[PDB]
$ cat model.cif   # mmCIF, N, CA and C atoms and all ligand atoms
data_final
#
loop_
_atom_site.label_atom_id
_atom_site.label_comp_id
_atom_site.auth_asym_id
_atom_site.auth_seq_id
_atom_site.Cartn_x
_atom_site.Cartn_y
_atom_site.Cartn_z
N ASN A 1 79.11 143.02 199.31
CA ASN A 1 78.47 143.12 200.65
C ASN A 1 78.86 141.90 201.47
N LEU A 2 79.58 142.12 202.56
CA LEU A 2 80.02 141.03 203.41
C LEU A 2 78.85 140.18 203.93
N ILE A 3 77.72 140.82 204.22
CA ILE A 3 76.55 140.10 204.71
C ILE A 3 76.07 139.12 203.64
N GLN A 4 75.92 139.62 202.42
CA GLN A 4 75.47 138.78 201.31
C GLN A 4 76.42 137.61 201.06
N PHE A 5 77.72 137.85 201.24
CA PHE A 5 78.71 136.82 201.02
C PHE A 5 78.51 135.63 201.95
N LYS A 6 78.28 135.87 203.23
CA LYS A 6 78.11 134.74 204.13
C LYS A 6 76.80 134.00 203.90
N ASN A 7 75.79 134.70 203.39
CA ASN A 7 74.51 134.05 203.12
C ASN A 7 74.69 133.27 201.82
N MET A 8 75.56 133.79 200.97
CA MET A 8 75.83 133.16 199.70
C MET A 8 76.61 131.87 199.94
N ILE A 9 77.23 131.76 201.12
CA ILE A 9 78.02 130.59 201.48
C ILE A 9 77.15 129.40 201.87
N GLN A 10 76.22 129.62 202.80
CA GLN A 10 75.34 128.55 203.24
C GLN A 10 74.35 128.11 202.17
N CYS A 11 74.21 128.93 201.12
CA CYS A 11 73.32 128.58 200.02
C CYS A 11 74.00 127.44 199.26
N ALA A 12 75.20 127.71 198.78
CA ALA A 12 75.98 126.75 198.03
C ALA A 12 76.50 125.58 198.85
N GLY A 13 76.81 125.80 200.13
CA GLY A 13 77.34 124.69 200.92
C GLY A 13 76.62 124.32 202.20
N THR A 14 77.35 123.62 203.07
CA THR A 14 76.84 123.18 204.36
C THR A 14 77.54 123.94 205.49
N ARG A 17 78.84 124.19 205.34
CA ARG A 17 79.62 124.92 206.34
C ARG A 17 79.24 126.39 206.36
N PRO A 18 79.06 126.98 207.56
CA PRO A 18 78.69 128.41 207.63
C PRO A 18 79.96 129.25 207.51
N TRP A 19 79.81 130.57 207.52
CA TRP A 19 80.96 131.45 207.40
C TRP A 19 81.94 131.36 208.56
N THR A 20 81.48 130.85 209.70
CA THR A 20 82.35 130.74 210.86
C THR A 20 83.43 129.68 210.66
N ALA A 21 83.12 128.66 209.87
CA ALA A 21 84.08 127.58 209.60
C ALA A 21 85.32 128.12 208.90
N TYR A 22 85.15 129.24 208.19
CA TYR A 22 86.22 129.88 207.43
C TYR A 22 86.85 131.14 208.03
N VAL A 23 86.27 131.66 209.11
CA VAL A 23 86.81 132.87 209.75
C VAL A 23 88.34 132.81 209.91
N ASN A 24 88.88 131.62 210.13
CA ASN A 24 90.32 131.49 210.27
C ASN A 24 90.75 130.08 209.91
N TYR A 25 91.14 129.93 208.66
CA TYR A 25 91.58 128.66 208.12
C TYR A 25 92.78 128.93 207.22
N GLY A 26 93.73 128.01 207.21
CA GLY A 26 94.91 128.16 206.37
C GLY A 26 95.63 129.49 206.48
N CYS A 27 96.24 129.91 205.37
CA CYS A 27 96.99 131.15 205.31
C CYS A 27 96.20 132.33 204.74
N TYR A 28 95.11 132.06 204.04
CA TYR A 28 94.34 133.13 203.42
C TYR A 28 92.90 133.33 203.83
N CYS A 29 92.26 132.33 204.43
CA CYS A 29 90.88 132.52 204.84
C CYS A 29 90.90 133.29 206.15
N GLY A 30 90.29 134.47 206.15
CA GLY A 30 90.30 135.30 207.34
C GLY A 30 90.99 136.61 207.01
N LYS A 31 91.12 137.50 207.97
CA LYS A 31 91.76 138.79 207.73
C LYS A 31 93.11 138.63 207.04
N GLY A 32 93.35 139.46 206.03
CA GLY A 32 94.61 139.43 205.30
C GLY A 32 95.04 138.09 204.75
N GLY A 33 96.33 137.95 204.46
CA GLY A 33 96.84 136.70 203.93
C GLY A 33 98.26 136.81 203.43
N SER A 34 99.05 135.77 203.70
CA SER A 34 100.45 135.75 203.28
C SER A 34 100.92 134.33 203.01
N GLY A 35 102.09 134.21 202.41
CA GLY A 35 102.64 132.90 202.10
C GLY A 35 101.89 132.27 200.96
N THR A 36 102.02 130.96 200.81
CA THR A 36 101.34 130.26 199.74
C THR A 36 100.22 129.39 200.32
N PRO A 37 99.04 129.40 199.68
CA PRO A 37 97.90 128.60 200.15
C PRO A 37 98.37 127.19 200.49
N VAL A 38 97.80 126.60 201.53
CA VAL A 38 98.22 125.26 201.93
C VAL A 38 97.46 124.16 201.21
N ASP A 39 96.17 124.39 200.96
CA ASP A 39 95.37 123.39 200.27
C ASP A 39 94.36 124.01 199.32
N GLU A 40 93.51 123.17 198.76
CA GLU A 40 92.49 123.60 197.82
C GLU A 40 91.61 124.73 198.37
N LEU A 41 91.13 124.57 199.60
CA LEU A 41 90.28 125.57 200.23
C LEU A 41 91.02 126.89 200.42
N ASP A 42 92.25 126.80 200.90
CA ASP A 42 93.04 127.98 201.14
C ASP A 42 93.23 128.73 199.83
N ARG A 43 93.24 128.00 198.73
CA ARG A 43 93.40 128.62 197.43
C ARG A 43 92.12 129.34 197.06
N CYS A 44 90.99 128.85 197.58
CA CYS A 44 89.70 129.48 197.32
C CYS A 44 89.75 130.88 197.90
N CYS A 45 90.26 130.97 199.12
CA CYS A 45 90.37 132.24 199.81
C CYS A 45 91.41 133.14 199.16
N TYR A 46 92.51 132.55 198.71
CA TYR A 46 93.58 133.30 198.05
C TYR A 46 93.03 134.07 196.84
N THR A 47 92.23 133.39 196.02
CA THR A 47 91.62 133.98 194.84
C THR A 47 90.61 135.05 195.22
N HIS A 48 89.81 134.77 196.24
CA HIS A 48 88.79 135.72 196.70
C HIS A 48 89.42 137.06 197.07
N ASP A 49 90.55 137.04 197.78
CA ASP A 49 91.22 138.28 198.18
C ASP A 49 91.74 139.04 196.98
N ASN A 50 92.46 138.35 196.11
CA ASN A 50 92.99 139.00 194.93
C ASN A 50 91.81 139.57 194.14
N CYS A 51 90.63 138.95 194.28
CA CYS A 51 89.43 139.39 193.58
C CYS A 51 88.89 140.72 194.15
N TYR A 52 88.85 140.82 195.48
CA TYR A 52 88.37 142.04 196.14
C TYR A 52 89.34 143.17 195.87
N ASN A 53 90.62 142.81 195.78
CA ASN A 53 91.67 143.78 195.51
C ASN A 53 91.42 144.36 194.13
N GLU A 54 90.96 143.50 193.22
CA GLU A 54 90.65 143.92 191.87
C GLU A 54 89.41 144.78 191.89
N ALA A 55 88.43 144.37 192.68
CA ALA A 55 87.19 145.10 192.79
C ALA A 55 87.40 146.56 193.16
N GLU A 56 88.44 146.84 193.95
CA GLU A 56 88.74 148.20 194.36
C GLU A 56 89.25 149.09 193.23
N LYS A 57 89.72 148.48 192.15
CA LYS A 57 90.23 149.22 191.01
C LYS A 57 89.08 149.66 190.11
N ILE A 58 87.86 149.44 190.59
CA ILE A 58 86.64 149.82 189.87
C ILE A 58 86.11 151.07 190.56
N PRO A 59 85.92 152.16 189.80
CA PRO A 59 85.41 153.42 190.36
C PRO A 59 84.20 153.27 191.28
N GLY A 60 84.31 153.86 192.47
CA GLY A 60 83.23 153.80 193.43
C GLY A 60 82.80 152.38 193.66
N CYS A 61 83.75 151.55 194.10
CA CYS A 61 83.49 150.14 194.33
C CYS A 61 84.19 149.66 195.60
N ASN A 62 83.41 149.42 196.65
CA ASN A 62 83.94 148.94 197.92
C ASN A 62 83.28 147.60 198.24
N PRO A 63 84.05 146.50 198.17
CA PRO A 63 83.57 145.14 198.43
C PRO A 63 82.80 144.89 199.72
N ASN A 64 83.04 145.69 200.75
CA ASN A 64 82.35 145.48 202.02
C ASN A 64 80.95 146.04 202.00
N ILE A 65 80.83 147.26 201.52
CA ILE A 65 79.55 147.93 201.48
C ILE A 65 78.68 147.72 200.24
N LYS A 66 79.30 147.57 199.07
CA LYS A 66 78.51 147.41 197.84
C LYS A 66 77.52 146.26 197.87
N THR A 67 76.25 146.58 197.65
CA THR A 67 75.19 145.58 197.63
C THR A 67 74.81 145.26 196.20
N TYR A 68 74.94 143.99 195.84
CA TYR A 68 74.61 143.55 194.50
C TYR A 68 73.29 142.79 194.53
N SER A 69 72.94 142.20 193.39
CA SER A 69 71.72 141.43 193.28
C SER A 69 72.06 140.01 192.90
N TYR A 70 71.43 139.06 193.56
CA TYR A 70 71.66 137.66 193.28
C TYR A 70 70.49 136.84 193.81
N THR A 71 70.39 135.60 193.35
CA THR A 71 69.33 134.71 193.78
C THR A 71 69.92 133.37 194.24
N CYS A 72 69.24 132.74 195.19
CA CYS A 72 69.69 131.45 195.69
C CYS A 72 68.61 130.39 195.62
N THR A 73 68.80 129.42 194.73
CA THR A 73 67.89 128.29 194.60
C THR A 73 68.79 127.15 195.01
N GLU A 74 69.02 127.07 196.32
CA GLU A 74 69.92 126.08 196.88
C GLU A 74 69.97 124.76 196.13
N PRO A 75 71.19 124.31 195.80
CA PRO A 75 72.44 125.00 196.13
C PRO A 75 72.93 125.89 194.99
N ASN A 76 71.99 126.52 194.30
CA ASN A 76 72.32 127.36 193.15
C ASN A 76 72.36 128.88 193.38
N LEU A 77 73.46 129.49 192.93
CA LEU A 77 73.66 130.93 193.05
C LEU A 77 73.65 131.57 191.67
N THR A 78 72.96 132.69 191.55
CA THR A 78 72.88 133.40 190.28
C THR A 78 73.07 134.89 190.54
N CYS A 79 73.99 135.52 189.82
CA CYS A 79 74.19 136.95 189.96
C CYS A 79 73.36 137.59 188.87
N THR A 80 72.40 138.39 189.27
CA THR A 80 71.51 139.03 188.31
C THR A 80 72.01 140.35 187.69
N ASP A 81 72.90 141.07 188.37
CA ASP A 81 73.40 142.35 187.85
C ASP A 81 74.16 142.19 186.55
N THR A 82 73.99 143.15 185.65
CA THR A 82 74.70 143.14 184.38
C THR A 82 75.01 144.56 183.92
N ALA A 83 74.23 145.52 184.41
CA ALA A 83 74.44 146.92 184.07
C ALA A 83 75.51 147.52 184.99
N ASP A 84 75.38 147.23 186.28
CA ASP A 84 76.31 147.71 187.32
C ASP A 84 77.57 146.84 187.34
N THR A 85 78.68 147.38 186.87
CA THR A 85 79.94 146.63 186.82
C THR A 85 80.41 146.17 188.20
N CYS A 86 80.52 147.10 189.13
CA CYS A 86 80.95 146.79 190.47
C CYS A 86 80.14 145.63 191.03
N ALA A 87 78.82 145.78 191.07
CA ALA A 87 77.95 144.73 191.58
C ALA A 87 78.18 143.40 190.85
N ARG A 88 78.25 143.47 189.52
CA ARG A 88 78.48 142.30 188.69
C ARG A 88 79.77 141.62 189.12
N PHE A 89 80.88 142.34 188.94
CA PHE A 89 82.22 141.86 189.28
C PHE A 89 82.32 141.37 190.72
N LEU A 90 81.69 142.11 191.63
CA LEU A 90 81.72 141.80 193.05
C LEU A 90 80.91 140.55 193.39
N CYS A 91 79.74 140.42 192.78
CA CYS A 91 78.90 139.25 193.02
C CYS A 91 79.67 138.03 192.52
N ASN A 92 80.36 138.23 191.40
CA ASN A 92 81.16 137.19 190.78
C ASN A 92 82.22 136.64 191.74
N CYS A 93 82.93 137.55 192.41
CA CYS A 93 83.97 137.16 193.37
C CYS A 93 83.39 136.27 194.46
N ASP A 94 82.30 136.73 195.08
CA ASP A 94 81.65 135.98 196.15
C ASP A 94 81.06 134.65 195.71
N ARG A 95 80.29 134.65 194.63
CA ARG A 95 79.69 133.42 194.14
C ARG A 95 80.76 132.37 193.85
N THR A 96 81.86 132.81 193.25
CA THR A 96 82.96 131.92 192.93
C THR A 96 83.52 131.32 194.21
N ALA A 97 83.77 132.17 195.19
CA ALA A 97 84.32 131.72 196.45
C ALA A 97 83.38 130.74 197.14
N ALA A 98 82.10 131.10 197.25
CA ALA A 98 81.11 130.27 197.92
C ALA A 98 81.03 128.87 197.33
N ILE A 99 81.01 128.79 196.00
CA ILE A 99 80.96 127.51 195.30
C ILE A 99 82.27 126.76 195.53
N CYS A 100 83.38 127.48 195.44
CA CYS A 100 84.70 126.90 195.66
C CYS A 100 84.75 126.24 197.04
N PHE A 101 84.36 126.99 198.06
CA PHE A 101 84.36 126.50 199.43
C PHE A 101 83.62 125.19 199.59
N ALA A 102 82.41 125.13 199.06
CA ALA A 102 81.58 123.95 199.17
C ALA A 102 82.13 122.73 198.46
N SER A 103 82.88 122.95 197.38
CA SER A 103 83.45 121.84 196.64
C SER A 103 84.79 121.39 197.20
N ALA A 104 85.49 122.31 197.85
CA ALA A 104 86.79 121.99 198.42
C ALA A 104 86.69 121.22 199.74
N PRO A 105 87.75 120.47 200.08
CA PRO A 105 87.77 119.70 201.32
C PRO A 105 88.10 120.57 202.53
N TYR A 106 87.76 120.09 203.72
CA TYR A 106 88.03 120.84 204.94
C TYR A 106 88.91 120.05 205.91
N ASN A 107 90.22 120.24 205.81
CA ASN A 107 91.18 119.57 206.67
C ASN A 107 91.27 120.38 207.95
N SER A 108 90.52 119.97 208.97
CA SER A 108 90.48 120.67 210.25
C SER A 108 91.89 120.91 210.80
N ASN A 109 92.85 120.23 210.20
CA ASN A 109 94.24 120.35 210.60
C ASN A 109 94.82 121.70 210.21
N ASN A 110 94.44 122.19 209.03
CA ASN A 110 94.93 123.48 208.54
C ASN A 110 94.18 124.64 209.17
N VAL A 111 93.35 124.34 210.16
CA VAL A 111 92.58 125.36 210.86
C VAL A 111 93.50 126.06 211.86
N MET A 112 93.68 127.36 211.69
CA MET A 112 94.52 128.15 212.60
C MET A 112 96.01 127.74 212.62
N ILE A 113 96.69 127.99 211.51
CA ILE A 113 98.12 127.70 211.35
C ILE A 113 98.76 128.95 210.77
N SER A 114 98.14 130.10 211.06
CA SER A 114 98.61 131.40 210.57
C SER A 114 100.05 131.75 210.99
N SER A 115 100.56 131.04 211.99
CA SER A 115 101.90 131.29 212.47
C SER A 115 102.88 130.20 212.05
N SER A 116 102.35 129.10 211.52
CA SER A 116 103.19 128.00 211.07
C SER A 116 104.09 128.50 209.95
N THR A 117 105.16 127.77 209.68
CA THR A 117 106.10 128.17 208.65
C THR A 117 105.44 128.22 207.27
N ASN A 118 104.29 127.58 207.14
CA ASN A 118 103.55 127.51 205.87
C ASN A 118 103.03 128.85 205.36
N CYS A 119 102.72 129.75 206.27
CA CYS A 119 102.21 131.06 205.88
C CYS A 119 103.31 132.10 205.89
N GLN A 120 104.30 131.92 205.02
CA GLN A 120 105.43 132.85 204.90
C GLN A 120 105.06 134.30 205.20
CA CA B 201 91.77 136.93 203.30
#

$ encode --input "model.cif" --output "structure tokens" --more "lines below"
Ligand SMILES: [Ca+2]
Amino acid sequence: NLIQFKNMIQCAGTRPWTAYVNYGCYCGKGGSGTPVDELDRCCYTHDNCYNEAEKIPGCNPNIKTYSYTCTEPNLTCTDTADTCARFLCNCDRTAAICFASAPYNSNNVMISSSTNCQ
């Protein structure tokens, strides 16, 4: 669930989802080339993760609503029976934590056309 993902972001970190709407080569719609930094790699993994999520029967990363708890700055995925929800919550929680731990080089903000994003 895209809504849950952005709420899962401010739980683990300080930067809201808007800080990431367009950063590096992979944060934001689609993605190409090689990640530029640690954060961009966070996004790179998240995408490959959603791509994986689609290989799960009746599993759509945008709409699927999972279960999780936030004891700031702690995230916990409670699902264990529902694979999609489990796997999907996993993708988001990983990304959210990754984002908060990674640095934010405002320089790599909006370089989608630079030679770096092959
Ligand atoms: Ca992306």

$ residues_around --input "model.cif" --residues "segment 67-83 of chain A" --least-positions-apart "3" --cutoff "7 Å" --atoms "all atoms listed in the file" --output "CSV table (one decimal) with N, CA and C atoms, in the frame of the given file"
chain,number,residue,atom,x,y,z
A,1,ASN,N,79.1,143.0,199.3
A,1,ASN,CA,78.5,143.1,200.6
A,1,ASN,C,78.9,141.9,201.5
A,11,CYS,N,74.2,128.9,201.1
A,11,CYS,CA,73.3,128.6,200.0
A,11,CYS,C,74.0,127.4,199.3
A,12,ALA,N,75.2,127.7,198.8
A,12,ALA,CA,76.0,126.8,198.0
A,12,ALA,C,76.5,125.6,198.8
A,13,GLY,N,76.8,125.8,200.1
A,13,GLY,CA,77.3,124.7,200.9
A,13,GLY,C,76.6,124.3,202.2
A,64,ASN,N,83.0,145.7,200.8
A,64,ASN,CA,82.4,145.5,202.0
A,64,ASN,C,81.0,146.0,202.0
A,86,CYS,N,80.5,147.1,189.1
A,86,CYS,CA,81.0,146.8,190.5
A,86,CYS,C,80.1,145.6,191.0
A,87,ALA,N,78.8,145.8,191.1
A,87,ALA,CA,78.0,144.7,191.6
A,87,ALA,C,78.2,143.4,190.8
A,88,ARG,N,78.2,143.5,189.5
A,88,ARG,CA,78.5,142.3,188.7
A,88,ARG,C,79.8,141.6,189.1
A,91,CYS,N,79.7,140.4,192.8
A,91,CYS,CA,78.9,139.2,193.0
A,91,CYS,C,79.7,138.0,192.5
A,92,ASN,N,80.4,138.2,191.4
A,92,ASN,CA,81.2,137.2,190.8
A,92,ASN,C,82.2,136.6,191.7
A,95,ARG,N,80.3,134.6,194.6
A,95,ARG,CA,79.7,133.4,194.1
A,95,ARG,C,80.8,132.4,193.8

$ closest_residue --input "model.cif" --among "A:7, A:14, A:117, A:47" --to "residue 96 of chain A" --atoms "only C-alpha atoms"
A:47

$ select_by_dssp --input "model.cif" --residues "chain A" --states "alpha helix (DSSP H)" --output "ChimeraX atom specification"
/A:2-12,40-55,85-103

$ atom_distance --input "model.cif" --atom1 "atom N of residue 46 of chain A" --atom2 "atom C of residue 17 of chain A"
16.5 Å

$ residues_near_ligand --input "model.cif" --ligand "ligand CA 201 (chain B)" --cutoff "5 Å" --atoms "all atoms listed in the file" --output "ChimeraX atom specification"
/A:28-33

$ write_last_selection --input "model.cif" --atoms "N, CA and C atoms" --output "short mmCIF file (atom, residue, chain, number, x, y, z; two decimals), keeping the file's coordinate frame"
data_model
loop_
_atom_site.label_atom_id
_atom_site.label_comp_id
_atom_site.auth_asym_id
_atom_site.auth_seq_id
_atom_site.Cartn_x
_atom_site.Cartn_y
_atom_site.Cartn_z
N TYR A 28 95.11 132.06 204.04
CA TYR A 28 94.34 133.13 203.42
C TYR A 28 92.90 133.33 203.83
N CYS A 29 92.26 132.33 204.43
CA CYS A 29 90.88 132.52 204.84
C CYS A 29 90.90 133.29 206.15
N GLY A 30 90.29 134.47 206.15
CA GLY A 30 90.30 135.30 207.34
C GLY A 30 90.99 136.61 207.01
N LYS A 31 91.12 137.50 207.97
CA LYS A 31 91.76 138.79 207.73
C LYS A 31 93.11 138.63 207.04
N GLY A 32 93.35 139.46 206.03
CA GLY A 32 94.61 139.43 205.30
C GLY A 32 95.04 138.09 204.75
N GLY A 33 96.33 137.95 204.46
CA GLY A 33 96.84 136.70 203.93
C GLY A 33 98.26 136.81 203.43
#

$ residues_near_point --input "model.cif" --point "(87.0, 146.0, 188.2)" --cutoff "8 Å" --atoms "all atoms listed in the file" --output "list in words"
residues 53, 54, 55, 56, 57, 58, 59, 85, 86, 89 and 90 of chain A

$ atom_distance --input "model.cif" --atom1 "atom CA of residue 38 of chain A" --atom2 "atom CA of residue 119 of chain A"
8.1 Å

$ atom_distance --input "model.cif" --atom1 "atom CA of residue 41 of chain A" --atom2 "atom CA of residue 104 of chain A"
5.3 Å

$ closest_residue --input "model.cif" --among "A:61, A:93, A:43, A:24" --to "residue 108 of chain A" --atoms "only C-alpha atoms"
A:24

$ select_by_dssp --input "model.cif" --residues "chain A" --states "strand (DSSP E or B)" --output "MDAnalysis selection string"
chainID A and resid 25 29 70:73 76:79

$ decode --input "model.cif" --residues "segment 61-86 of chain A" --atoms "N, CA, C and O atoms" --output "CSV table (one decimal), in the first residue's frame"
chain,number,residue,atom,x,y,z
A,61,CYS,N,-1.1,-10.2,-6.1
A,61,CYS,CA,-0.3,-9.3,-5.3
A,61,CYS,C,0.1,-8.0,-6.0
A,61,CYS,O,0.9,-8.1,-7.0
A,62,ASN,N,-0.5,-6.9,-5.7
A,62,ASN,CA,-0.3,-5.6,-6.3
A,62,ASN,C,0.2,-4.7,-5.2
A,62,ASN,O,-0.5,-4.2,-4.3
A,63,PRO,N,1.5,-4.3,-5.3
A,63,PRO,CA,2.2,-3.4,-4.3
A,63,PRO,C,1.5,-2.1,-4.0
A,63,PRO,O,1.7,-1.5,-2.9
A,64,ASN,N,0.7,-1.6,-5.0
A,64,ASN,CA,0.1,-0.3,-4.7
A,64,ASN,C,-1.1,-0.4,-3.9
A,64,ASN,O,-1.3,0.4,-2.9
A,65,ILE,N,-2.0,-1.4,-4.2
A,65,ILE,CA,-3.2,-1.6,-3.5
A,65,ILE,C,-3.2,-2.5,-2.3
A,65,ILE,O,-3.9,-2.2,-1.3
A,66,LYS,N,-2.3,-3.5,-2.3
A,66,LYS,CA,-2.3,-4.4,-1.2
A,66,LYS,C,-2.0,-3.8,0.2
A,66,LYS,O,-1.0,-3.1,0.4
A,67,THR,N,-2.9,-4.0,1.1
A,67,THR,CA,-2.8,-3.4,2.5
A,67,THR,C,-2.4,-4.5,3.4
A,67,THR,O,-3.0,-5.6,3.6
A,68,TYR,N,-1.2,-4.3,4.1
A,68,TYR,CA,-0.7,-5.2,5.0
A,68,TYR,C,-0.9,-4.7,6.4
A,68,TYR,O,-1.6,-3.7,6.6
A,69,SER,N,-0.3,-5.4,7.4
A,69,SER,CA,-0.4,-5.0,8.8
A,69,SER,C,1.0,-4.8,9.3
A,69,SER,O,1.9,-5.5,9.1
A,70,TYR,N,1.1,-3.7,10.1
A,70,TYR,CA,2.4,-3.3,10.7
A,70,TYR,C,2.1,-2.4,11.8
A,70,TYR,O,1.0,-1.8,11.9
A,71,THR,N,3.1,-2.2,12.7
A,71,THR,CA,3.0,-1.3,13.8
A,71,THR,C,4.2,-0.3,13.8
A,71,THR,O,5.3,-0.7,13.4
A,72,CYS,N,4.0,0.9,14.3
A,72,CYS,CA,5.1,1.8,14.4
A,72,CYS,C,5.3,2.4,15.9
A,72,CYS,O,4.4,3.1,16.4
A,73,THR,N,6.4,2.0,16.5
A,73,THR,CA,6.7,2.5,17.8
A,73,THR,C,8.0,3.3,17.5
A,73,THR,O,9.1,2.8,17.8
A,74,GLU,N,7.8,4.4,16.9
A,74,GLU,CA,8.9,5.3,16.5
A,74,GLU,C,10.1,5.2,17.3
A,74,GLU,O,10.0,5.4,18.5
A,75,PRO,N,11.3,5.0,16.7
A,75,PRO,CA,11.4,4.9,15.2
A,75,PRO,C,11.4,3.4,14.8
A,75,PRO,O,12.0,3.0,13.9
A,76,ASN,N,10.6,2.6,15.5
A,76,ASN,CA,10.5,1.2,15.2
A,76,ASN,C,9.3,0.7,14.4
A,76,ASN,O,8.1,1.0,14.6
A,77,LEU,N,9.6,-0.1,13.3
A,77,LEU,CA,8.6,-0.7,12.4
A,77,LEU,C,8.6,-2.2,12.6
A,77,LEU,O,9.6,-2.8,12.7
A,78,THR,N,7.4,-2.7,12.6
A,78,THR,CA,7.2,-4.2,12.8
A,78,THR,C,6.1,-4.6,11.8
A,78,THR,O,5.0,-4.1,11.8
A,79,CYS,N,6.4,-5.7,11.0
A,79,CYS,CA,5.4,-6.2,10.1
A,79,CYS,C,4.8,-7.4,10.9
A,79,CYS,O,5.5,-8.3,11.2
A,80,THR,N,3.5,-7.3,11.1
A,80,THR,CA,2.8,-8.3,11.8
A,80,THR,C,2.3,-9.5,11.0
A,80,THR,O,2.1,-10.6,11.6
A,81,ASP,N,2.1,-9.3,9.7
A,81,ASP,CA,1.6,-10.4,8.9
A,81,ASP,C,2.6,-11.6,8.8
A,81,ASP,O,3.8,-11.4,8.7
A,82,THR,N,2.0,-12.8,8.8
A,82,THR,CA,2.8,-14.0,8.6
A,82,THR,C,2.1,-15.1,7.8
A,82,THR,O,2.7,-16.0,7.2
A,83,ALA,N,0.8,-15.0,7.8
A,83,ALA,CA,0.0,-16.0,7.1
A,83,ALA,C,-0.1,-15.5,5.6
A,83,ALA,O,0.0,-16.4,4.7
A,84,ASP,N,-0.4,-14.3,5.4
A,84,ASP,CA,-0.5,-13.6,4.1
A,84,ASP,C,0.8,-13.4,3.5
A,84,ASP,O,1.5,-12.4,3.9
A,85,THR,N,1.2,-14.2,2.5
A,85,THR,CA,2.6,-14.0,1.9
A,85,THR,C,2.8,-12.6,1.3
A,85,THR,O,3.7,-11.9,1.6
A,86,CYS,N,1.8,-12.2,0.4
A,86,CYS,CA,1.9,-10.9,-0.3
A,86,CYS,C,2.1,-9.8,0.8
A,86,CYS,O,3.1,-9.1,0.7
